[PDB]
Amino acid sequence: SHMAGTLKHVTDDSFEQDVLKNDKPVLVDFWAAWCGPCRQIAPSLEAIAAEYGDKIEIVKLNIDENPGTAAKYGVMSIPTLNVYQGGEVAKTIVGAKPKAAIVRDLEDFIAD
């Protein structure tokens, strides 16, 4: 376990390899740079990925750059955090929340 977490900006092109085929659960943050609530959660996700990096991986999907993946998962409010396991969404958190609330929402993945 480490003091920093990993981060990868995933694309329409990389989504299968990076997310849908991952061993760990992957929290995909569907965001945009003009979204204040997305900016708000970014330190929380950073802290979470460091704290629980043995359990979960955090990646970001910019919806301006990657439409498509957004539209595939019906993402029309941001931030939306989808956690993927086995190539499908297992948990969805829609809208910005405090760190402690995100961690509760992630309990089934990061309690182990």
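Each residue number is its position in the shown sequence, starting from 1.
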Entry-reported Cα temperature factor of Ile102, expressed as the chain third it lands in: middle
Relative to the other modelled residues in the chain, which third contains the C-alpha temperature factor of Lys72: lowest, middle or highest? middle
Based on the entry's values, in what third of the chain does the Cα temperature factor of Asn66 lie: lowest, middle or highest? middle
Check where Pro79 lands among this chain's C-alpha B-factors and tell me if it's the lowest, middle or highest third. lowest
Third of the chain, ranked by Cα B-factor, where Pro43 sits: middle
